[PDB]
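Topology and contacts: notes
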Amino acid sequence: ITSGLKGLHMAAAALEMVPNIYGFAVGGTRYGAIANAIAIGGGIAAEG
Amino acid sequence: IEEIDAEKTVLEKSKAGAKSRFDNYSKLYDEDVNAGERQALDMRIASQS
């Protein structure tokens, strides 16, 4: 069930790249979702 | 004299029992760690890496 769950984190990290504030203020996206997901995957592999 | 032969038999039995203990402990001593125990040390050092 640890399942390579880092794939499931990287699903969220890839899903959060797009800018969400629209209208006048443009942007607002996270940029470091990717490396944060790689970090939590590197932790979860050690726990497994 | 027949009694003293039966006593030689009982010492044969005790000798065989001690011989079995000696060989079995010598086997578990010289085969010092298993494969899976070394695998456990491998998994820990993989986690450290």
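Residues numbered from 1 in each chain as written, not as in the entry; some residues may be left out. Chains lettered and ligands numbered in written order. Part of a larger assembly, values for the part shown. Heavy atoms only, no water.

The record lists cryo-EM as the method behind this PDB entry and 4.0 Å as its resolution.

**Overview of the overall build of chain B**
Scanning chain B from terminus to terminus reveals 2 helices and 0 strands. On the principal axes, the C-alpha backbone points of chain B span a range of 75 × 10 × 10 Å. Burial status across chain B gives 0% buried among its 49 residues. (Helix = DSSP H or I, 4+ residues; strand = E, 2+ residues; numbered from the N terminus. Buried < 20%, exposed > 50% of the residue type's maximum accessible area, 1.4 Å probe, protein only.)

**Some thoughts on a nonpolar patch on the surface**
Taken together, the side chains of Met-10, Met-17, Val-18, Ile-34 and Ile-38 of chain A present a nonpolar region at the surface, about 460 Å² in accessible area. When you line up the elements, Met-17 of chain A lands in the loop between α1 (6–15) and α2 (33–47). (Patch = residues over 30% accessible without salt bridge, like charges linked within 9 Å, V, L, I, M, F, W, Y side chains within 5 Å. Areas by Shrake-Rupley, 256 points an atom, 1.4 Å probe, with all protein chains shown as cover. Salt bridge = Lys/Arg side-chain N within 4 Å of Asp/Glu carboxyl O.)

**With respect to the side chain of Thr-29 of chain A**
Residue and element names in this part refer to chain A. Assignment of secondary structure puts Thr-29 in the loop between α1 and α2. Within the local environment of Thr-29, its side chain forms a polar contact with the backbone oxygen of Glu-16, the two atoms lying 3.5 Å apart. Of the polar contacts made by the side chain of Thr-29, one reaches the backbone oxygen of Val-18; its length is 3.5 Å. (Polar contact = N/O pair within 3.5 Å; in protein donor to acceptor, adjacent residues only side chain to side chain.)

**Here we look at a negative patch on the surface**
A surface patch of like charges, here negative, comprises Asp-30, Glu-31, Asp-32 and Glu-37 of chain B. Structurally, the position occupied by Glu-37 of chain B is in helix α2 (residues 35–48). (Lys, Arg positive; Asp, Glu negative; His and termini not counted. Charge placed at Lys NZ, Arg CZ, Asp CG, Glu CD.)

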